[PDB]
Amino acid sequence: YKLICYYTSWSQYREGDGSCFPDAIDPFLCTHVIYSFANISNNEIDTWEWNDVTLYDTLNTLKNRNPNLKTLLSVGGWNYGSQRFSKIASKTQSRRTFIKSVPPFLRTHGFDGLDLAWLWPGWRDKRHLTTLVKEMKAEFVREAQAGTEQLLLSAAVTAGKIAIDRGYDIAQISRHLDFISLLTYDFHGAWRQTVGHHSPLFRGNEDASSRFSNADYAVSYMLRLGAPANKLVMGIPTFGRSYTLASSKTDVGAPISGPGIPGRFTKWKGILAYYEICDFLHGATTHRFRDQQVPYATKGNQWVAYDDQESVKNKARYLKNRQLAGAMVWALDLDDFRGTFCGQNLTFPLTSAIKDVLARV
């Protein structure tokens, strides 16, 4: 099994226990840790926050404890516009400078591969990733003739029908990537005004349109597109999405006035870290959609759509049955990495649950 576990750079600024450095990360836990994004400046990869060079050394030493543990840097992200990305891989001047620019960098810092997080390319881009990604690997195969372990190249891909079709030539980009992470917690989110679960496993026999919106379809689709089994990694949320209810209506179908308040540690509108959610559950009403096989919680005006131990194992089982390459956990820093908020003295409750399913077979 492969268990790619992202780590986000900025989680360091969370106050108190919220704060998480390459420190709290178990070296034996996942197989691949990906430092969440980098930046680009003067068409040459570059760091993002100020002390990255150090965090790049905190994280990469975990490998001294687990010689098999592989690390990766991701380029792109939410806070990195498509425009800047789309402007780099169409002007072959800018594309080839950026390429040549990263093997050295990744080497210098001990990263074993690069992970492209071009957050959703447009229909005018499908042609451009294709060759950006393509020859990135021509470079990587070339650098490897220097007598060293070939750098790895992977991509984070959206999981929405429309989103995939629009800007991804999966069939061809699958034969140059080492693995693909399916953002399979990409289905409901923020707000055309109904309460919904962002990462459903199955359909929910209840509504018809938006079958497209679930992990099973996303997965069958990708395989049908031509993406090999042994190269698909199914994304699993370690966080939840919050919603301020607009009405005493709580069952799914209920109105939404807005985004959910922040957690005291996470401080984002509409997002909650699993550890924050564990405290939220105290005094709550827990629910679970039987077919999508995922839970949600409500307290006061707040409505939370999230994943707990079993919902995540269930996914883990699904992943194993179709014979995928492995699982992906969005943010190690959104799990209970301190393992002090969620009752059981277990640390990284969620990411372990997956591991367990992926391990006892």
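Just count from 1 along the sequence shown to find any residue number.
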query	finding
Comparing 125 to 133 with 106 to 114, the one whose average Cα B-factor in the PDB entry is higher	125 to 133
Of 284 to 292 and 239 to 247, the one with larger mean CA B-factor	284 to 292
C-alpha B-factor winner, where the candidates are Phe179, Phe187, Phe98, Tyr275	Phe187
Top Cα B factor in the deposited entry, candidates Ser82, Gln150, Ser74, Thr158	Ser82
Third of the chain's Cα B-factor distribution that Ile173 belongs to, per the entry	lowest
Chain third (lowest, middle, highest) by recorded CA B-factor, residue given as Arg166	middle
Assigned third (lowest, middle, highest) for the C-alpha B factor of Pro228	lowest
Entry-reported Cα temperature factor of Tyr56, expressed as the chain third it lands in	lowest
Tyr306 - Cα temperature factor, lowest/middle/highest third of chain	middle
